[PDB]
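A short write-up of the structure that comes next.
Just so you know, all these numbers are worked out from the coordinates, no wet-lab data involved.
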Amino acid sequence: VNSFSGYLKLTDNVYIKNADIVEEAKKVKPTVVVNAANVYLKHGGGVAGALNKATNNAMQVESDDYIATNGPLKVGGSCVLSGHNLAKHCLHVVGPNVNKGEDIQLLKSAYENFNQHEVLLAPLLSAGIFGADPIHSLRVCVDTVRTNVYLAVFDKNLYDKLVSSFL
Ligand SMILES: O=C(NO)c1ccccc1O
C-alpha cells in the first residue's frame, strides 16, 4: 500500500491523475519525483521550471554544482539528486526535445531510467514544451516502465484525452 490518492489505474504498474506534480509532490513526499530535465539541468520552464521554483531555486543551485563537476547528461540519461522539500530524491531524466530535433527513439531509453526505482511520481517525458505527442509518451511509458509509476498530468483537457484514447 502507498500514499498516492485519486489515480486511475491504467495497467498492473502505471497509474495516472490530473494533478500539478508540484502540489502532488508537496502532499505525498514521494521517495522519487521525476524532473523533465535537459542535459544542462537548466530548470527554466515546464516541469523543471515549476519544480525548481517550488524549491526556492535550491534545485538549480545543486544542479549547477553537479554540472560543474560531471558535465552534461546524455539525451535519454538521468541523474539522482536531492528532492529538497518535494521528495527524498529527484530523478532528473532527459527525454528528447522535438523542438531541438532529437531522436524520439531516445524516449524509450529515457523511460528505462525509471526501472531503477521501485516507485516514482513522474510527468510524461518529452511532453509539454519538449514537443512530443503525449499519447505516444504514455504508450512508451506503459511499454517500458516495469516499476510502479504515478503519472501527474498538468492539463485536464489532456488528461481526459489520454484516458479516453488509452488502449
Ligand atoms: O508549468 C507548470 N507550471 O506550474 C507545471 C507544473 C506542473 C507540471 C507541469 C508544468 O508545466
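Observations on the structure shown:
- Rounded to whole Hz, the Karplus (6.51, -1.76, 1.60) HN-Hα couplings of the stretch 28-43, x for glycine and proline: 7, 6, x, 4, 10, 10, 8, 9, 7, 8, 10, 5, 8, 6, 8, 8
- Looking at the stretch 32-127, the DSSP beta bridges with both ends there are about 45 percent antiparallel.
- Comparing 157, 115, 13 in a Gaussian network model of the chain, where Cα atoms under 10 Å apart are tied by springs, the biggest mean-square fluctuation is seen for 157.
- Cα gyration tensor shape of the stretch 85-166, rounded if a/c is under 1.5, else prolate or oblate by comparing a/b with b/c: rounded
- Rounded to whole numbers, the Karplus 3J(HN,Hα) couplings from phi for the stretch 5-19 are 10, x, 7, 8, 7, 8, 9, 3, 10, 10, 10, 9, 8, 6, 7 Hz, using 6.51 cos²θ - 1.76 cosθ + 1.60 with θ = phi - 60°, and x at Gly and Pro.
- Centroid-to-centroid, using Cα positions, the stretch 74-136 and the stretch 3-60 are 11 Å apart.
- Note on the chain: along the principal axes its Cα atoms extend 43, 35, 28 Å, ordered by decreasing extent.
- Our summary gives the stretch 1-154 a relative contact order of 30 percent, counting only alpha carbon pairs under 8 angstrom and 6 or more residues apart.
- The chain: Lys pairs at Cα distance under 18 angstrom, eight or more positions apart or on different chains: 21
- Taking the chain as a Gaussian network of alpha-carbon nodes connected by springs under 10 Å, the highest mean-square fluctuation of the residues 149, 98, 33 belongs to 98.
- Backbone phi angles across the stretch 72-85, fed through the Karplus curve with coefficients 6.51, -1.76 and 1.60 (θ = phi - 60°), yield HN-Hα couplings of x, 5, 8, 4, x, x, 7, 9, 9, 10, 4, x, 6, 7 Hz in residue order; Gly and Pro are listed as x.
- In plain terms, the chain from residue 12 to residue 80 could stretch by 21.9 nm, reckoned as 0.36 nm per residue minus the Cα-Cα distance.
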